[PDB]
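Consider the single chain below, provided in structure tokens and representing the form deposited in one PDB entry.
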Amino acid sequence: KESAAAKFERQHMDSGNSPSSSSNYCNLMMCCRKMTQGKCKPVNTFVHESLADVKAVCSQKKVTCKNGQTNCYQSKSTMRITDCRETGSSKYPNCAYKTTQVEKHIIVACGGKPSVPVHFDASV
């Protein structure tokens, strides 16, 4: 079972000076979104645009994915994204990320019917 002491630690402890800092965004989001279980996903992009705008990318510029697959598309316009990358100090299960906010074109793989994004390939 989860011991009572360990439960208390999970439910109530967050030791630090600036826990509510924006630079903590990735740590909490990478955790909330389940990408730190078993291992630390090294890199991940969050997109801050409407889902209608991201879904629209599936009918814009065609391009080859990084893995050779041919179902990739590049957004016509730049989008507000947050880039999360493990720090040189991150070691599972103590995953740590640096948060970076930039505006870049996103490249995603679309699949399914209707055709929707099913993989974030890269940003340019």
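Shifts are known only where both forms have a C-alpha. All residue numbers refer to positions in the sequence shown, first residue = 1. Only the largest set of C-alpha atoms that superpose within 1.5 Å between the two forms is called the rigid core.
Below, we turn to the form deposited in another entry, even though it does not appear here.
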| item | value |
| --- | --- |
| Large Cα shift (2 Å or above) at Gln11 between this form and the one not shown, core-fitted | yes |
| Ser20 C-alpha moves between this form and the one not shown by 2 Å or more, core aligned | yes |
| Cα-Cα shift for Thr100 and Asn17, closer or farther in the other form, minimum 3 Å | closer |
| In the other form, shift in Cα separation for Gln101 relative to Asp14, 3 Å or more | closer |
| Core-superposed comparison between this form and the one not shown, runs of at least 3 residues with CA shifts of 2 Å or more | 1-21 |
